[PDB]
């Protein structure tokens, strides 16, 4: 983390080769086995490389590791979108007597196709309304790049209170996902003609509306 230095980010177009270097010293990398770990978004870390160049079963041969002097290098050939994750270098430090991880290196693939967001808006359920509550659920998914802005409207006027929106989150298929919630009382729900969720992505807006009826 401090004894092991990794780049914060590496990038390459689809199908190209990326390289992640892990720099240390004779106390950790120059004299001990180096391992690499992959952490897909929303998953636990998994072993990618062990003993500086060996691959466990299930790891594609596109992944390669090597060590030279006081530095280790992870190579990824034929970069696909499924390789976008955080990669960690790890080894033992004899000075500290501790296993040490480097800082995360995020792999990003450039030139990914633009994905227009899909918007699905759910009105408050009957069960929630019978429970003296009301919540509007606006779900945004399959968009790229991962930057969306959500606006809510009561009939045709903006609503600021009761709005809670998540940060854009990486889906498993890469792409992106987000959700916005508008909390109402049952009185305000039935009192209006329409409620709207507007999603702006790459300068274009997709808007879905629901009605109490």
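Positions refer to the first chain, counted from 1.
Here the stretch with the larger average CA B-factor, out of 141 to 149 and 26 to 34, is 141 to 149. Taking only CA atoms, the mean B-factor in the PDB entry is higher for 166 to 174 than for the other of 38 to 46 and 166 to 174. By the numbers in the PDB entry, the CA B factor is greatest at 117 among 123, 75, 117, 97. As recorded in the PDB entry, 131 shows the highest C-alpha B-factor of the residues 79, 131, 136, 103. The PDB entry assigns residue 185 a C-alpha temperature factor belonging to the highest third of its chain's modelled residues. In the deposited entry, the Cα temperature factor of residue 90 sits in the bottom third of values across the chain's modelled residues. Per the PDB record, residue ranking by Cα B-factor puts residue 157 in the highest third of the chain. Among the modelled residues of its chain, residue 71 has a C-alpha B-factor that falls in the middle third, as given in the PDB entry. Among all modelled residues in this chain, the alpha-carbon of residue 191 has a temperature factor (C-alpha) in the highest third.
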